[PDB]
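Taking it in order: structure first as structure tokens, then the write-up.
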Amino acid sequence: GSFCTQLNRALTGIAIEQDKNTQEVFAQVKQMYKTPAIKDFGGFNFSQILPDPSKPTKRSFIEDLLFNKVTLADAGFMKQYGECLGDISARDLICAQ
Amino acid sequence: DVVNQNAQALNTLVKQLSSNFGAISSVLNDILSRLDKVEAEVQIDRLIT
Amino acid sequence: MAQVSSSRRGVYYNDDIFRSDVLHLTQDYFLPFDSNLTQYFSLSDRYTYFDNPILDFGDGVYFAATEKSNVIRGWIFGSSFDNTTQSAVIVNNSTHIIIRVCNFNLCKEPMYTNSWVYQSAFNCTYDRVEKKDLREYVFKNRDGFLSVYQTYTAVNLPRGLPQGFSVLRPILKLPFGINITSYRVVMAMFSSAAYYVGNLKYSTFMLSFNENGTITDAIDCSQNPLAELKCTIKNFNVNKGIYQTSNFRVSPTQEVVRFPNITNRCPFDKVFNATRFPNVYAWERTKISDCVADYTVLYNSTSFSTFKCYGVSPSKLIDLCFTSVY
Amino acid sequence: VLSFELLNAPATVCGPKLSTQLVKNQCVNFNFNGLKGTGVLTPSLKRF
Amino acid sequence: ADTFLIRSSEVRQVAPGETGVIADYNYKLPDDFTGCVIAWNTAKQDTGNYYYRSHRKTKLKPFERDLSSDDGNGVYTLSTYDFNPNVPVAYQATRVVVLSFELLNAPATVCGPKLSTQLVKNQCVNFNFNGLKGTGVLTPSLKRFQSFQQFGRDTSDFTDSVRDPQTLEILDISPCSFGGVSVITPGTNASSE
Ligand SMILES: *[C@@H]1O[C@H](CO)[C@@H](O[C@@H]2O[C@H](CO)[C@@H](O)[C@H](O)[C@H]2NC(C)=O)[C@H](O)[C@H]1NC(C)=O
Ligand SMILES: *[C@@H]1O[C@H](CO)[C@@H](O)[C@H](O)[C@H]1NC(C)=O
Ligand SMILES: *[C@@H]1O[C@H](CO)[C@@H](O)[C@H](O)[C@H]1NC(C)=O
Ligand SMILES: *[C@@H]1O[C@H](CO)[C@@H](O)[C@H](O)[C@H]1NC(C)=O
Ligand SMILES: *[C@@H]1O[C@H](CO)[C@@H](O)[C@H](O)[C@H]1NC(C)=O
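Chains as they are written, first to last, in PDB author numbering: chain A, 726 to 822; chain B, 919 to 967; chain C, 30 to 72, 76 to 145, 153 to 170, 184 to 243, 253 to 387; chain D, 485 to 532; chain E, 388 to 580.
In structure tokens form, the structure reads like this:
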């Protein structure tokens with residue numbers, strides 16, 4: 726049992742650090758300034774990096790292009806578990822994990 | 919590369935279950951079905967290690 | 030026949046080794062926490081339908097009895113309750129403690145002050168005759197050793213069974229050796254009391270020892286997610302947070318076996334007991350297929366000089382199916 | 485000398501045990517053709 | 388001690404895990420069997436007719452007896468065998484005794500023939516307490532055992548205290564390597580102190 730409590734404690738310590746890193750990087754300020762209505766600040770076109778009120782997502786266009794670049798072939802927190810009752814062609818690695 | 923490294927590590931951890939570690943079989947079911955556990959205890963000890 | 034919840038009762042010492050100030054967990058046959066026990070009633077004559085049936089031993093039993101004037105005396109274990117099988121009796125009067133294993137001719141109901156326990160007994164094997185109140189007992193029988201655990205306390209309950217934690221203690225390690233399947237309860241006769258019965262199940266328990274060999278507290282890991290968390294982290298006090306848990310909840314209880322319906326029997330009386338075996342340099346090979354292998358019809362006549370198997374165990378051979386045999 | 489072997493193939497020599505009813509969608513102990521194990525048996529759309 | 392009398396070919400059958408006709412329906416050894424089995428040939432001393440069980444419905448549990456002869460009506464299920472000095476090698480009369488013994492934290496009853504010696508205190512000595520051998524330093528102890536306790540255990544399962552079988556009292560055991568030592572040196576080419 727002591728050979729397993731160490732592994733569980735180590736992995737929980739890894740996971741909490743992974744959760745803490747995103748907290749450290751992004752949330753520098755605790756005041757959520759709302760997006761201004763205009764996007765031209767003295768001739769500077771900021772419409773490409775600020776979110777627009779015409780999309781189902783609240784991300785900017787460049788953020789959408791960045792999110793389309795990375796392919797999440799690996800799974801583990803978005804694939805349904807009951808989907809693991811497929812055929813011989815559904816014998817994938819994620820359901821084995 | 920980060921995502922691929924994590925996926926490859928998990929897949930290698932899954933695929934390493936096929937090694938019998940010196941036992942007469944990799945899976946435990948035929949270890950339990952083929953012998954009495956007097957020596958199958960010794961067989962399962964190697965797999966556990 | 031009412032069901033009464035038994036919260037955190039039935040804890041005993043499953044092992045005889047000494048442990049001091051440790052948090053030990055083990056897998057053994059225990060009484061599950063908050064389980065429903067059947068209630069039976071008893072108290076010349078006393079009052080109408082106050083009797084005792086034949087119960088089931090299973091793999092272990094928890095017997096808790098409430099008494100007011102010592103109406104319950106003992107138990108009679110057995111398998112078939114006839115004199116074709118052996119039985120054991122553990123009853124008492126005076127300060128006389130009587131324990132014996134014999135082939136008994138049982139009465140319909142045992143009364144014992153007027154000592155109608157048996158008519159007669161024969162071929163007695165093991166005899167060790169030496170000589184508002186809650187007494188409870190646990191009986192188990194493995195490897196030819198009946199172990200007895202009990203505890204005894206004074207209460208003032210008018211009705212029902214009190215709740216709490218109870219730890220029992222070993223006294224006897226009697227080597228009976230008989231097959232125990234069902235038992236009864238021996239009640240006394242004169243010139253309210255009731256008992257409750259629970260069965261042991263294979264589960265995982267965690268115990269805390271108070272550095273003297275005395276159990277402080279016990280946790281059944283299959284009761285609720287809190288106890289499963291406590292068994293997973295191996296502690297009794299849990300800090301606030303979120304933790305992943307292992308599997309301690311589901312366990313199989315039934316068996317499914319499926320074999321092909323090959324009813325033909327292939328000759329072990331012709332290959333083995335042939336007319337004339339050949340020379341060693343002209344040894345013969347015979348293919349055996351499409352039959353059932355018994356290996357038990359040779360038990361009557363032929364005794365084997367040596368029978369040694371490589372790759373398989375001889376005891377596990379009856380449960381195996383083979384694809385090709387030469 | 486009895487030389488016998490078992491593999492992923494239909495069996496011809498078996499022990500004298502009687503088959504029972506199969507229970508589905510429950511955690512059961514199974515004994516399939518000499519292979520013992522513990523699991524949940526479900527109808528399968530796979531092809532052998 | 389378990390005593391019986393069997394054939395000479397069945398001496399292989401009294402073993403943990405091995406099946407046969409005696410290990411199946413007459414006498415089966417326990418699985419985790421600690422003990423010692425002894426068997427010796429009396430082909431001349433014991434003669435006559437003896438019985439064994441040949442048919443039964445189920446396997447026998449370990450250390451389980453079965454005196455139930457005549458299973459049913461006239462179905463005896465006790466096939467007999469005979470003992471004479473002319474019987475072949477594998478079929479001779481063998482007397483079998485099984486010694487099942489165990490040792491644990493309890494006072495001992497059966498011991499070997501060894502004479503006790505004087506106890507030396509506050510020195511690194513080899514000790515032999517009730518068959519438990521070890522090396523350590525024996526000191527008078529302020530610990531408190533139970534009525535049946537013979538030795539105490541740590542959290543690392545190391546025995547730290549023992550009960551003296553003669554003049555019953557508790558003695559503590561300490562390691563001979565009594566501490567951590569550091570060595571402070573200059574270079575060997577410079578000096579040797
Ligand atoms: C700012 O630059 C963009 C081009 O990078 C101009 O065009 C817009 O582009 C976005 C997507 O990149 C579209 O959703 C808009 O519909 C486009 N606008 C038009 C008018 O075609 C954008 O016009 C520029 N901003 C201003 C204020 O001129
Ligand atoms: C008593 O408990 C058992 C097991 O928890 C359960 O199966 C049964 O339904 C319960 N009976 C009542 C009347 O609650
Ligand atoms: C007890 O044995 C006798 C014969 O010895 C028999 O007549 C009687 O039926 C038996 N009783 C029981 C309960 O087995
Ligand atoms: C073999 O068979 C013959 C007759 O069929 C019989 O006399 C003999 O005892 C048998 N041998 C064994 C070992 O059973
Ligand atoms: C013998 O044993 C007793 C108690 O077991 C002890 O008191 C005594 O000192 C021992 N030695 C002798 C010489 O009597």
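We put the beta carbon where it would ideally sit given N, CA and C, even for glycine.
Proximity winner among the options, relative to residue i (alpha-carbon distances)
{"i": "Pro-313/C", "options": "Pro-339/C, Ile-46/C, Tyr-263/C and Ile-122/C", "result": "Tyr-263/C"}
{"i": "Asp-963/B", "options": "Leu-953/B, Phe-939/B and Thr-930/B", "result": "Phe-939/B"}
{"i": "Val-258/C", "options": "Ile-46/C, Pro-61/C, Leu-54/C and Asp-50/C", "result": "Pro-61/C"}
{"i": "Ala-426/E", "options": "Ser-456/E, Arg-482/E and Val-497/E", "result": "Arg-482/E"}
{"i": "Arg-326/C", "options": "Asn-492/D, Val-485/D, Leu-490/D and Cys-498/D", "result": "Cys-498/D"}
{"i": "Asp-83/C", "options": "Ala-354/C, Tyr-256/C, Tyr-189/C and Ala-160/C", "result": "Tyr-256/C"}
{"i": "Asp-91/C", "options": "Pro-375/C, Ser-199/C, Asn-308/C and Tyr-79/C", "result": "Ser-199/C"}
{"i": "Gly-801/A", "options": "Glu-957/B, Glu-959/B and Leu-928/B", "result": "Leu-928/B"}
{"i": "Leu-818/A", "options": "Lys-933/B, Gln-923/B and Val-920/B", "result": "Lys-933/B"}
{"i": "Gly-229/C", "options": "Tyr-414/E, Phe-488/E and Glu-556/E", "result": "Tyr-414/E"}
{"i": "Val-408/E", "options": "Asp-418/E, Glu-397/E and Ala-402/E", "result": "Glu-397/E"}
{"i": "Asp-777/A", "options": "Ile-787/A, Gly-768/A and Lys-755/A", "result": "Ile-787/A"}
{"i": "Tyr-165/C", "options": "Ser-243/C, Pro-227/C and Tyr-157/C", "result": "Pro-227/C"}
{"i": "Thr-526/E", "options": "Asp-469/E, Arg-550/E and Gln-537/E", "result": "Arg-550/E"}
{"i": "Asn-308/C", "options": "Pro-286/C, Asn-322/C and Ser-362/C", "result": "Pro-286/C"}
{"i": "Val-920/B", "options": "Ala-798/A, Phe-728/A, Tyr-758/A and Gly-811/A", "result": "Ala-798/A"}
{"i": "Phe-70/C", "options": "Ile-122/C, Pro-85/C and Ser-64/C", "result": "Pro-85/C"}
{"i": "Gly-521/E", "options": "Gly-566/E, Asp-547/E, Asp-541/E and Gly-574/E", "result": "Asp-547/E"}
Cutoff 9 angstroms: residue i Cβ touching any chain D Cβ
{"i": "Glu-316/C", "result": "yes"}
{"i": "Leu-810/A", "result": "yes"}
{"i": "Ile-813/A", "result": "yes"}
{"i": "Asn-924/B", "result": "no"}
{"i": "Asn-322/C", "result": "yes"}
{"i": "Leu-950/B", "result": "yes"}
{"i": "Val-341/C", "result": "no"}
Contacting residues, own chain, Cβ-Cβ under 6 angstroms from residue i (five flanking each side not counted)
{"i": "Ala-430/E", "result": "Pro-472, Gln-479 and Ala-480"}
{"i": "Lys-100/C", "result": "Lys-184 and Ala-254"}
{"i": "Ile-813/A", "result": "none"}
{"i": "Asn-231/C", "result": "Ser-111"}
{"i": "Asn-162/C", "result": "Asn-135"}
is_contact[residue i, chain A] using C-beta, thresh 9 angstroms
{"i": "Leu-525/D", "result": "no"}
{"i": "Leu-946/B", "result": "no"}
{"i": "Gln-305/C", "result": "yes"}
Residue-chain proximity (residue i, chain B), Cβ-Cβ < 9 angstroms
{"i": "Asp-799/A", "result": "yes"}
{"i": "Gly-422/E", "result": "no"}
{"i": "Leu-486/D", "result": "no"}
{"i": "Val-373/C", "result": "yes"}
{"i": "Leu-519/D", "result": "yes"}
{"i": "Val-795/A", "result": "yes"}
Interface residues of chain C facing residue i [CB-CB closer than 8 angstroms]
{"i": "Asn-509/D", "result": "Correct list: empty, because the minimum Cβ distance to chain C is about 12 angstroms."}
Nonlocal neighbours in the same chain, by C-beta distance under 8 angstroms from residue i, ignoring five residues either side
{"i": "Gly-523/E", "result": "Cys-511, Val-512, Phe-514, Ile-560, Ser-561, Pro-562 and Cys-563"}
{"i": "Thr-233/C", "result": "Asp-88, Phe-89, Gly-110, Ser-111 and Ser-112"}
Beta carbon proximity, residue i to chain C, threshold 9 angstroms
{"i": "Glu-959/B", "result": "no"}
{"i": "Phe-514/D", "result": "yes"}
{"i": "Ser-528/D", "result": "no"}
{"i": "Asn-733/A", "result": "yes"}
{"i": "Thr-760/A", "result": "no"}
{"i": "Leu-935/B", "result": "no"}
{"i": "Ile-942/B", "result": "yes"}
Neighbour list for residue i in chain A, Cβ cutoff strictly below 7 angstroms
{"i": "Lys-295/C", "result": "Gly-726 and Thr-730"}
Spatial neighbours of residue i in its chain, beta-carbon cut-off 7 angstroms, leaving aside the 5 residues before and after
{"i": "residue 354/E", "result": "Absent from the model: residue 354/E. The displayed extent of chain E is 388 to 580, so no value can be given."}
Residue i at chain F interface by Cβ criterion, 9 angstroms
{"i": "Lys-501/D", "result": "You won't find chain F in this structure, because its protein chains are A, B, C, D and E."}
Under 8 angstroms from the C-beta of residue i: neighbouring residues of chain B
{"i": "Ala-740/A", "result": "Neighbours of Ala-740/A on chain B: none; closest Cβ ~13 angstroms, over 8 angstroms."}
Neighbour list for residue i in chain B, Cβ cutoff strictly below 7 angstroms
{"i": "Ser-243/C", "result": "Within chain B, no residue comes near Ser-243/C; the closest Cβ sits about 57 angstroms away, beyond 7 angstroms."}
Residue i: CB within 8 angstroms of a non-hydrogen atom of ligand 7
{"i": "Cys-382/C", "result": "The model on display carries ligand 1, ligand 2, ligand 3, ligand 4 and ligand 5 but not ligand 7."}
Pocket of ligand 4 (residues with CB nearer than 5 angstroms to any heavy atom), chain order: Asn-334/C, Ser-362/C and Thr-363/C
Around ligand 2, what residues have a beta-carbon under 6 angstroms from a heavy atom of it, in chain order? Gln-32/C, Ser-64/C and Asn-65/C
Any residue with its Cβ nearer than 7 angstroms to a heavy atom of ligand 3 should be included. What is that list in chain order? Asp-114/C, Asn-115/C, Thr-116/C, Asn-137/C and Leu-138/C
Which residues have a Cβ closer than 6 angstroms to any heavy atom of ligand 5, listed in chain order? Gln-553/E and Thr-554/E
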